[PDB]
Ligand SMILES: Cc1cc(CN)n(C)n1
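Listed next as structure tokens is one chain, alone, in the form solved without the ligand.
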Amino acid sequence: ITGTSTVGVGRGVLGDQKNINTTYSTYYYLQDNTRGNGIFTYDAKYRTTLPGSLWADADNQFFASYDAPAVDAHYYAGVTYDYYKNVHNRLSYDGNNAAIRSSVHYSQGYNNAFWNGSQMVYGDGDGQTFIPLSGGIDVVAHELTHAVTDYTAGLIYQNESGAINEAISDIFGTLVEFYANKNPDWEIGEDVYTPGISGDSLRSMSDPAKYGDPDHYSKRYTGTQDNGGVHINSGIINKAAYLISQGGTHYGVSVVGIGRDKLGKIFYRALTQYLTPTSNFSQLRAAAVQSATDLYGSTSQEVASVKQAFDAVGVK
């Protein structure tokens, strides 16, 4: 909508107060004009018609229970935009400041979130398995990273390319969570999963097997569920990324960690310059090796650690 840029205030899903960028034109809308061509947040009103209605509020205060998922979707899309721009010099998901659109209150009791090819979509959860999923910065950044991937490498969402697609989303979802630096970890979705259970998450990058996912190629899933295991086999790559950053010894193979910033630079370059729609795990190792060689040199510690990490998870 055409209007003037304003700053509202509200509370997110976990009860934290934050300022949001809004637009005033009769109502105050969740339209942030400060980032690219805009960040826009919509109400799906418990239905599945998308995007729904651009979020309108009479007073620019967003403290109602019903408001909280909107606040967080809007705010955390902004953080994710800021991460890509400030860390990687990328302007929105298409690199040309595309509008970022999200819908909240999707369906009833909907225990997921997704990128639909055009926008973000967040369920409210059923209140037992999940609370509204935009409450997780890593979840918001995971879903927006699918838009990045789709515009860049274009990894097909099945089998090994699909597991890479998912791992890239978990890696950058985690690096965004560290960038915002509130309560960061190497777990996925902990802030919105199972409010009745402390210390769990959907997936772990540090120890994928904690939630039943493989941490070595020899344990890969080869069945047909989950698009050939895209959220299962992602654990193999997630473990490699964890090892590259943090170091460790895994199945007797020691990796020297090089830290989060270098992990992000290596994987962002691989994603944007080397991976293709059909890349498999072997091709990801090659892309990461080439990326680290470009940035740091062939005889660098960074290259050595990339190789050691892929060796550790059985990917040649």
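Quick note: we count residues from 1 along the sequence shown, nothing fancier.
Same protein, other form: the form solved in complex with the ligand, not shown, and the subject of what follows.
Peer 1: Would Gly199 sit within 4.5 Å of the ligand in the bound PDB entry, counting heavy atoms only?
Peer 2: Outside the cut-off, so no.
Peer 1: Does at least one non-hydrogen atom of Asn89 fall within 4.5 angstroms of the ligand in the bound PDB entry?
Peer 2: Flag for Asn89 set to no.
Peer 1: What residues of 136-165, in sequence order, lie within 4.5 Å of the ligand in the bound PDB entry by heavy atom?
Peer 2: The stretch 136-165, when checked against the ligand in the bound PDB entry, contributes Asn159, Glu160 at the 4.5 Å heavy-atom cut-off.
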